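Trainee: Residue numbers (my numbering): 41 to 143.
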């Protein structure tokens, strides 16, 4: 995270949670091919006695990645599919307010 050069990878990174218990590359790529195309996807796994099911997806165009997160709540039937952005994950993950606000 030192000196951002080339294409901003932050505005081009996306994370999705809720995939099936076997969201393999073929299964995860199947849902993306039918909605939003990703040029790079990282599968998040956890110890065998661990439960994960998370996968990071990076769209080819930065503008296309923001339009997917700016879309109203999008959930996939059968397996609950939830789309989360990197800025929000880091915000909901760290949990720390700095500037004043409603709270």
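In this text, a Cβ means the ideal position worked out from N, Cα and C, and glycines have one as well.
Flag this pair as yes or no: are the beta carbons of residue 102 and residue 56 separated by less than 9 Å?
Mentor: In the chain shown, the residue the question calls residue 102 occupies position 62. In the chain shown, the residue the question calls residue 56 occupies position 16. Contact: no.
Trainee: Could you say which of 65, 62 and 78 lies nearest to residue 108 if we only look at CA atoms?
Mentor: Here the question's residue 108 lines up with position 68 in the chain shown. For residue 108, the nearest C-alpha among the options comes from 78.
Trainee: Output the distance between the C-alpha atoms of residue 65 and residue 136, rounded to the nearest integer angstrom.
Mentor: Here residue 65 is taken as the residue at index 25 of the chain shown, counted from 1. Here residue 136 is taken as the residue at index 96 of the chain shown, counted from 1. The alpha-carbon atoms of residue 65 and residue 136 are separated by roughly 34 Å.
Trainee: Among 98, 143 and 141, which has the Cα closest to the Cα of residue 83?
Mentor: Looking up residue 83 in the chain shown gives position 43. Looking at the Cα atoms, 98 is the closest of the given residues.
Trainee: For residue 86, which residues of its own chain have a beta-carbon under 8 Å away from its beta-carbon, when the five flanking residues on both sides are left out?
Mentor: Taking the first residue of the chain shown as position 1, residue 86 is located at position 46. Result list for residue 86: 92, in chain order.
Trainee: Closest to residue 127 by C-alpha separation, out of 52, 142, 120 and 89, would be which residue?
Mentor: Taking the first residue of the chain shown as position 1, residue 127 is located at position 87. Among 52, 142, 120 and 89, the Cα nearest to that of residue 127 belongs to 52.
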